[PDB]
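Okay, structure first, notes after.
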Amino acid sequence: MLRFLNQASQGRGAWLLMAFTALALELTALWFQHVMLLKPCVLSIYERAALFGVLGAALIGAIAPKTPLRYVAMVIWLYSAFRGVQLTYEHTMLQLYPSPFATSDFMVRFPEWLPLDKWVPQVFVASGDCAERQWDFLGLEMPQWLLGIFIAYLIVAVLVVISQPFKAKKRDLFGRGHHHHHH
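The working numbering numbers the first residue of the sequence shown as 10 and each following residue consecutively.
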């Protein structure tokens, strides 16, 4: 049952399986555009960073999910959990509620202090309109589906994180007070 989940998850094979899954979607997709001659957008590229970043999180996390490393790897998993989900919303709202500013659509704005984009414009430079539909499943745009996965991934980490032995009665001090006010 649940206990087993912690067993299968605490295994590397399982972790490696999570990577191939997120990758399989990127590859199988990288082919659709290669033939469908599809072009990425500003947001699309940004969203790719949210997951692409997580993928890297699964590579380092699968190093030893039995040590405090959890907080270390989940740091990226969670970052995408709240932000990834919150962002995925902007796409949905705008998609069903188109009303942008003047011409905010001005390529990707990033500080020249991070050659991550300058030294690598290949997977950063945007080209095309954002929110446009070029391919859908069951009558749903990819962005909508991909979001479906984001939720799934958000659950495996939140559940696998809490699956930790937890318990422990010690826990000396935890959280500041400061609420006595003043006369």
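Beta carbons: idealized from backbone N, C-alpha and C, even for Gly.
| Item | Value |
| --- | --- |
| Which runs of the alpha helix (DSSP H) spanning at least 4 residues fall entirely within the segment 15-75, listed in chain order? | 21-45, 51-70 |
| Would you kindly work out how many angstroms separate the C-alpha atoms of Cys50 and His188, rounded to a whole number? | 48 Å |
| Does the segment 158-170 come into contact with the segment 92-105, if we say contact requires no fewer than three beta-carbon pairs (one atom in each stretch) closer than 8 Å? | yes |
| So, for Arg142: in the same chain, excluding its five sequence neighbours on each side, which residues have a beta-carbon less than 6 Å away from its beta-carbon? | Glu150 |
| Considering only residues of the same chain and omitting the five flanking positions on each side of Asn15, which have a CB-CB separation below 8 Å? | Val169, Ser172 |
| DSSP three-state label for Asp138, please. | coil |
| If I'm right that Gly93 touches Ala59 with Cβ under 8 Å, what's the distance once you round it to whole angstroms? | 4 Å |
| May I have the straight-line CA-CA distance separating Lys176 from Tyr106, to the nearest angstrom? | 46 Å |
| Identify which residue in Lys179, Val165, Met10 has its Cα closest to the Cα of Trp86. | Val165 |
| To which residues does DSSP link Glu150 through a beta bridge? | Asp145 |
| Given this structure, state the Cα-to-Cα distance separating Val84 from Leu163, to the nearest angstrom. | 12 Å |
| What is the DSSP secondary structure of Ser89, reduced to helix, strand or coil? | helix |
| Taking the alpha-carbon positions, what's the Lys127 to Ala66 distance? | 23 Å |
| What residue range does the alpha helix (DSSP H) around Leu123 cover? | Unbroken run through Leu123: none, as it is neither H nor E. |
| Assign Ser53 to buried or exposed, taking buried as 16 or more other Cβ atoms, counted over all protein chains shown, within 10 Å of its Cβ. | buried |
| To the nearest angstrom, how far is the alpha carbon of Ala31 from that of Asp114? | 28 Å |
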